[PDB]
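Right, one structure below, let's go through it.
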Amino acid sequence: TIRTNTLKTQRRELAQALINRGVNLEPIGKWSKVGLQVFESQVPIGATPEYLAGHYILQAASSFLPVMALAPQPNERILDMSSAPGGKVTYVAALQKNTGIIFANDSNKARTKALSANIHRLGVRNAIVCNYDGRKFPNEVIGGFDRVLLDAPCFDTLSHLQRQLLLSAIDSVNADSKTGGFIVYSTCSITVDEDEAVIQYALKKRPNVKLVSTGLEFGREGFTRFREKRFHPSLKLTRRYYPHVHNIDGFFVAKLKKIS
Amino acid sequence: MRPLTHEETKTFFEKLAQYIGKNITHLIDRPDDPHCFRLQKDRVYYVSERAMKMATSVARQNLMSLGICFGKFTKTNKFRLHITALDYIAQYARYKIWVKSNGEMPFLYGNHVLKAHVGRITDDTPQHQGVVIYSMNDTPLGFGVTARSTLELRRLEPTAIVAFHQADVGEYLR
Amino acid sequence: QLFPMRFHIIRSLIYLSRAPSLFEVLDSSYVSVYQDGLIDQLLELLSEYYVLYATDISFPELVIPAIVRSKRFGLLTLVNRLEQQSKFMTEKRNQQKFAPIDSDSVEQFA
Amino acid sequence: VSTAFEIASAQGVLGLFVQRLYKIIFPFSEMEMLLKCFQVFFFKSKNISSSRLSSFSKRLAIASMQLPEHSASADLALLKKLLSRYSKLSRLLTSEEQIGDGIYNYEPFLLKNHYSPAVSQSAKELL
RNA sequence: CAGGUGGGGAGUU
């Protein structure tokens, strides 16, 4: 799957170019109006002139879903906990139409250089590349971001790290922002202890954060009761995708709104 | 992270004018947003006021990149080492040379634009003047210096070379 | 002296319809007790015209030349109201991302 | 501005003049002179239609809500007969540089509701 | 008030 950059070219133009280049591509469902799924392509997709020019960027449908769930607004301060690999940042910048301030943070310098190269290829001009810890970013680097995008990596140590990152994202999210203090948490795995337990822990830690519907037209609802573990009623608003259900890589998406 | 000196700014201004002419003032002054040039390490970056405000908090060593780079500042104060400014310079390019598909592949690979592969010219391109290479779809391709004028290129052998390539969009992935 | 007659004609035209003349009257040396009353009448007529055209998707675009003229030239309240209307129209236009063929969505927004 | 365009139009051969012409549209909102200037600008070899003409024409379309319908139709026909394939000039378009005073990132819908009945027919024909 | 940035400036080796 390749996500077409709206800031570079239109979806119809990209599809026509792919057809001319001999790549069989179709829209990725109805949820995404720009994602194109390539079935057959004689020429290399990554070596295509459009890909080199930045017309299309190879991104997963599940990865593109968190950007839609976040729904960044123009002229807004959106901070991403994990800038790598840059596909989500590019999608957020395309949605923002090169407006506002995008805080791209990557703890790994090796991935940060690749993300910066991808940003330069995509043509994003309002993105800032920084290398700092996500937990310390809300208090030591900057806070009060209008939107928060916590693409937590996806076992006990990872869950503890994810909970710490979620708490920092909630603190970095400004509840007084005009666009609203919306924080979108995404995971690369469908583990209950990684997604549902972290969401419940974050909700208990921060009463000012309330779970809200992610707005995704597809995805399994969050589990409220799993064996002896029971989750909050608002946990059902989370969207869960499975390889055997949504025909895409397993991911969990949650949306939280900060009131105070 | 350093403010650009007057000598450094003047060194790059002539290089920018070599391709955009007097159109550099359009990017220099913009009341809509204070987007200006800044110097981080040896890479000059054109960033907005908010970007500079955001990149202010970032450390000079930590901030690897920001905005769009206009090229590394070498020892001899040379520019265009990075082709990230091709999109910005495309809108303000004084001379544009359209190359057919025959030379489009060599241009992407970095080969010089041959006379036989030149499709359209601005008809007023001086020799050794900074111009912008373009494709049939009006898409920017790269940076090329033309050592010949249209008056002599109107009657030239196919094997002759017109514009020598210096940067290309293919360098992004190469 | 004839400004009140023009204001009455403008009000009648606005009712029948339901800007350049109003801007000229507002920018006139008389407008820019009787002068205050004429200015208030012109502001009311401008507000009525803005409200009538507020339903249009291009309301911020049409009012843009008037906003620039008003900014260059009660007047502050009218300018702020016009700016708020333009911002709301721009937000509605941004939300209405439907293609020109699907004019029903624009009509529904209108 | 017309004199400057005429001087530049001399065979065998101006940004401030272009900026002044673009900004003078709002105070105007003479028609023959404006049409001749637009035709001369269109007649310029490769000097226009590089995505800049659409930005310039956006203000003209916005200002076209007034004045005689014949003048508005001629202004619309100037871009209708243009060899450029751009079609977003009558809708949302690219960033509006050169002072701006407009949407950076509709008119025909409001133009249909006009005193002249032929305005709606012209808008429908353009659409 | 706290934090970030800070061969920009001032001061130490």
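So you can find residues: chains in the structure tokens are A, B, ... in the order shown, residues in each start at 1, and ligands are numbered from 1 in order.
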**Q.** Spatial neighbours of stretch 151-161 of chain B, 9 Å, only C-alpha atoms (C1' of nucleotides), chain gap at least 3 places, as a PyMOL selection string
**A.** chain B and resi 112-117+123-124+147-148+164
Selection above as a file: C-alpha atoms, as an mmCIF file, in the first residue's frame:
data_model
loop_
_atom_site.group_PDB
_atom_site.id
_atom_site.type_symbol
_atom_site.label_atom_id
_atom_site.label_comp_id
_atom_site.auth_asym_id
_atom_site.auth_seq_id
_atom_site.Cartn_x
_atom_site.Cartn_y
_atom_site.Cartn_z
ATOM 1 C CA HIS B 112 24.350 16.127 -19.077
ATOM 2 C CA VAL B 113 21.471 17.233 -21.297
ATOM 3 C CA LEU B 114 22.355 16.573 -24.931
ATOM 4 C CA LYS B 115 21.319 18.794 -27.827
ATOM 5 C CA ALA B 116 19.256 15.994 -29.386
ATOM 6 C CA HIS B 117 17.455 15.427 -26.061
ATOM 7 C CA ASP B 123 14.911 31.093 -26.335
ATOM 8 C CA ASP B 124 16.785 33.659 -24.185
ATOM 9 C CA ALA B 147 27.045 26.601 -21.845
ATOM 10 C CA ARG B 148 25.265 27.400 -25.133
ATOM 11 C CA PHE B 164 25.667 20.098 -18.077
#
Q) Which residues of chain D are close to chain B, meaning at most 8 Å apart when you count only C-alpha atoms, and how do they look as a PyMOL selection string? A) chain D and resi 50+99-100
Any chance you can output those residues with N, CA, C and O atoms as a PDB file, in the first residue's frame?
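The resulting selection-v9.pdb:
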ATOM      1  N   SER D  50       1.825  29.635 -15.763  1.00  0.00           N
ATOM      2  CA  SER D  50       2.644  28.787 -14.907  1.00  0.00           C
ATOM      3  C   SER D  50       2.073  28.763 -13.494  1.00  0.00           C
ATOM      4  O   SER D  50       2.783  29.066 -12.531  1.00  0.00           O
ATOM      5  N   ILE D  99       1.100  39.696  -2.035  1.00  0.00           N
ATOM      6  CA  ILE D  99       0.310  40.478  -1.081  1.00  0.00           C
ATOM      7  C   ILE D  99      -0.796  39.608  -0.497  1.00  0.00           C
ATOM      8  O   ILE D  99      -1.096  39.690   0.700  1.00  0.00           O
ATOM      9  N   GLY D 100      -1.413  38.775  -1.332  1.00  0.00           N
ATOM     10  CA  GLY D 100      -2.426  37.855  -0.856  1.00  0.00           C
ATOM     11  C   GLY D 100      -3.816  38.454  -0.808  1.00  0.00           C
ATOM     12  O   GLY D 100      -4.471  38.595  -1.845  1.00  0.00           O
TER      13      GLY D 100
END
**Q.** Those of stretch 31-163 of chain B in DSSP helix (DSSP H, G or I), formatted as a list in words
**A.**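 Going through stretch 31-163 of chain B, the helix (DSSP H, G or I) residues come out as residues 49, 50, 51, 52, 53, 54, 55, 56, 57, 86, 87, 88, 89, 90, 91, 101, 102, 103, 104, 105, 106, 107, 108, 109, 150, 151, 152 and 153 of chain B.
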Q.
Give me the residues near residue E:2 as a ChimeraX atom specification, where near means some atom within 12 Å (using only C-alpha atoms (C1' of nucleotides)) and where sequence neighbours in that chain fewer than 2 positions away do not count.
A. /A:139-140 /E:4
(Q) List the spatial neighbours of residue A:42 as a list in words - criterion: any atom at most 9 Å away, only C-alpha atoms (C1' of nucleotides), same-chain residues fewer than 6 positions off excluded. (A)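 Near residue A:42, the qualifying residues are residues 21, 22, 23 and 24 of chain A.
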For the residues selected in the previous step, produce a file with N, CA, C and O atoms as a compact mmCIF listing (two decimals), in the first residue's frame.
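Below is the file that was written, out_26.txt:
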# COMPACT_ATOMS: atom_id res chain seq x y z
N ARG A 21 2.62 4.05 -15.92
CA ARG A 21 3.84 3.33 -15.58
C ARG A 21 3.65 1.82 -15.57
O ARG A 21 4.65 1.09 -15.49
N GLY A 22 2.42 1.33 -15.66
CA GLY A 22 2.18 -0.10 -15.67
C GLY A 22 2.05 -0.74 -14.31
O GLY A 22 2.39 -1.92 -14.15
N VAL A 23 1.57 0.00 -13.31
CA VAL A 23 1.38 -0.52 -11.96
C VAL A 23 -0.12 -0.61 -11.69
O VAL A 23 -0.84 0.39 -11.80
N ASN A 24 -0.58 -1.81 -11.35
CA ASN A 24 -2.00 -2.04 -11.07
C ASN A 24 -2.29 -1.62 -9.63
O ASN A 24 -1.89 -2.30 -8.69
Q.
Taking only C-alpha atoms (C1' of nucleotides) into account, find every residue of chain E that has an atom no more than 12 Å from chain B, and write it out as a PyMOL selection string.
A. chain E and resi 3-8
Writing out the chosen residues with N, CA, C and O atoms (P, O5', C5', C4', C3', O3' and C1' of nucleotides) as a PDB file, in the first residue's frame:
ATOM      1  P     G E   3      14.650  26.096  36.088  1.00  0.00           P
ATOM      2  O5'   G E   3      14.288  25.420  34.692  1.00  0.00           O
ATOM      3  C5'   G E   3      13.924  24.050  34.626  1.00  0.00           C
ATOM      4  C4'   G E   3      13.424  23.672  33.256  1.00  0.00           C
ATOM      5  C3'   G E   3      14.309  24.068  32.088  1.00  0.00           C
ATOM      6  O3'   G E   3      15.419  23.208  31.911  1.00  0.00           O
ATOM      7  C1'   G E   3      12.075  24.626  31.594  1.00  0.00           C
ATOM      8  P     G E   4      16.801  23.796  31.338  1.00  0.00           P
ATOM      9  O5'   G E   4      16.602  23.751  29.760  1.00  0.00           O
ATOM     10  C5'   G E   4      16.142  22.568  29.126  1.00  0.00           C
ATOM     11  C4'   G E   4      15.613  22.846  27.742  1.00  0.00           C
ATOM     12  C3'   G E   4      16.524  23.641  26.827  1.00  0.00           C
ATOM     13  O3'   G E   4      17.550  22.852  26.255  1.00  0.00           O
ATOM     14  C1'   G E   4      14.334  24.506  26.695  1.00  0.00           C
ATOM     15  P     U E   5      19.089  23.208  26.544  1.00  0.00           P
ATOM     16  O5'   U E   5      19.550  23.978  25.228  1.00  0.00           O
ATOM     17  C5'   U E   5      19.094  23.562  23.949  1.00  0.00           C
ATOM     18  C4'   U E   5      18.677  24.737  23.103  1.00  0.00           C
ATOM     19  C3'   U E   5      19.748  25.790  22.859  1.00  0.00           C
ATOM     20  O3'   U E   5      20.605  25.440  21.785  1.00  0.00           O
ATOM     21  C1'   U E   5      17.689  26.830  23.452  1.00  0.00           C
ATOM     22  P     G E   6      22.148  25.075  22.048  1.00  0.00           P
ATOM     23  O5'   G E   6      22.946  26.145  21.181  1.00  0.00           O
ATOM     24  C5'   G E   6      23.841  27.055  21.802  1.00  0.00           C
ATOM     25  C4'   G E   6      23.250  28.438  21.888  1.00  0.00           C
ATOM     26  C3'   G E   6      23.966  29.405  22.815  1.00  0.00           C
ATOM     27  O3'   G E   6      25.117  29.989  22.230  1.00  0.00           O
ATOM     28  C1'   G E   6      21.650  29.490  23.242  1.00  0.00           C
ATOM     29  P     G E   7      26.563  29.752  22.892  1.00  0.00           P
ATOM     30  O5'   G E   7      27.516  29.469  21.648  1.00  0.00           O
ATOM     31  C5'   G E   7      28.815  30.048  21.568  1.00  0.00           C
ATOM     32  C4'   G E   7      28.977  30.850  20.301  1.00  0.00           C
ATOM     33  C3'   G E   7      28.776  30.065  19.003  1.00  0.00           C
ATOM     34  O3'   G E   7      28.171  30.916  18.030  1.00  0.00           O
ATOM     35  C1'   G E   7      30.922  31.032  19.010  1.00  0.00           C
ATOM     36  P     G E   8      26.572  31.073  17.960  1.00  0.00           P
ATOM     37  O5'   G E   8      26.354  32.643  17.793  1.00  0.00           O
ATOM     38  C5'   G E   8      27.105  33.564  18.572  1.00  0.00           C
ATOM     39  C4'   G E   8      26.429  34.909  18.668  1.00  0.00           C
ATOM     40  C3'   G E   8      26.969  35.833  19.749  1.00  0.00           C
ATOM     41  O3'   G E   8      28.122  36.550  19.341  1.00  0.00           O
ATOM     42  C1'   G E   8      24.625  35.723  19.932  1.00  0.00           C
TER      43        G E   8
END
Q) So which residues of stretch 44-208 of chain A fall under strand (DSSP E or B) by DSSP, listed as a PyMOL selection string? A) chain A and resi 56-58+77-80+101-105+127-130+145+147-152+173+181-187
Q: Can you work out the spacing between atom CA of residue B:75 and atom CA of residue B:25 in Å, to one decimal?
A: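 Result for atom CA of residue B:75 versus atom CA of residue B:25: 26.0 Å, one decimal.
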Q.
Report, in Å to a single decimal, how far apart atom CA of residue B:163 and atom CA of residue B:17 are.
A.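 Between these atoms lies a distance of 18.5 Å.
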List every residue of chain A that has an atom at most 6 Å from any atom of chain B, and for each one report the closest atom pair and its distance in Å to one decimal, counting only C-alpha atoms, with rows sorted by chain and then by increasing residue number, as CSV.
residue,atom,partner,partner_atom,distance
A:125,CA,B:67,CA,4.8
A:128,CA,B:66,CA,5.3
A:129,CA,B:65,CA,6.0
A:130,CA,B:63,CA,5.5
A:131,CA,B:62,CA,5.9
Using only C-alpha atoms, determine which residues of chain A fall within 12 Å of chain C; present them as a CSV table (one decimal) with N, CA and C atoms, in the first residue's frame.
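Writing the result to part-v5.csv gives the following:
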chain,number,residue,atom,x,y,z
A,73,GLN,N,-5.7,19.6,12.6
A,73,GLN,CA,-6.3,20.8,12.0
A,73,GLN,C,-5.3,21.8,11.5
A,74,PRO,N,-5.6,22.6,10.5
A,74,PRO,CA,-4.7,23.6,10.1
A,74,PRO,C,-4.4,24.7,11.2
A,95,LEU,N,-2.6,16.5,5.8
A,95,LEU,CA,-3.9,16.8,6.3
A,95,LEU,C,-3.9,18.3,6.7
A,96,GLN,N,-2.8,18.8,7.4
A,96,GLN,CA,-2.7,20.1,7.8
A,96,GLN,C,-2.5,21.1,6.7
A,97,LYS,N,-2.2,20.6,5.5
A,97,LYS,CA,-1.9,21.5,4.3
A,97,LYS,C,-0.8,22.5,4.6
Using only C-alpha atoms (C1' of nucleotides), I'd like a table of the residues in chain A that come within 12 Å of chain E; for each, show the closest atom pair and its distance in Å rounded to one decimal, ordered by chain and ascending number, as JSON lines.
{"residue": "A:132", "atom": "CA", "partner": "E:4", "partner_atom": "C1'", "distance": 11.2}
{"residue": "A:136", "atom": "CA", "partner": "E:3", "partner_atom": "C1'", "distance": 10.6}
{"residue": "A:137", "atom": "CA", "partner": "E:4", "partner_atom": "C1'", "distance": 9.6}
{"residue": "A:138", "atom": "CA", "partner": "E:3", "partner_atom": "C1'", "distance": 9.8}
{"residue": "A:139", "atom": "CA", "partner": "E:3", "partner_atom": "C1'", "distance": 6.7}
{"residue": "A:140", "atom": "CA", "partner": "E:3", "partner_atom": "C1'", "distance": 5.4}
{"residue": "A:141", "atom": "CA", "partner": "E:4", "partner_atom": "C1'", "distance": 5.1}
{"residue": "A:142", "atom": "CA", "partner": "E:4", "partner_atom": "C1'", "distance": 7.1}
{"residue": "A:143", "atom": "CA", "partner": "E:3", "partner_atom": "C1'", "distance": 10.2}
Those same residues, written as a PDB file, in the first residue's frame with C-alpha atoms?
ATOM      1  CA  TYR A 132      14.696  14.078  22.743  1.00  0.00           C
ATOM      2  CA  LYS A 136      10.872  14.338  29.190  1.00  0.00           C
ATOM      3  CA  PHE A 137       9.607  16.211  26.114  1.00  0.00           C
ATOM      4  CA  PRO A 138       6.411  17.593  27.748  1.00  0.00           C
ATOM      5  CA  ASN A 139       8.337  19.161  30.650  1.00  0.00           C
ATOM      6  CA  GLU A 140      11.885  19.718  29.355  1.00  0.00           C
ATOM      7  CA  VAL A 141      11.427  20.490  25.644  1.00  0.00           C
ATOM      8  CA  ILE A 142       7.928  21.862  24.992  1.00  0.00           C
ATOM      9  CA  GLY A 143       4.309  21.268  25.961  1.00  0.00           C
TER      10      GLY A 143
END
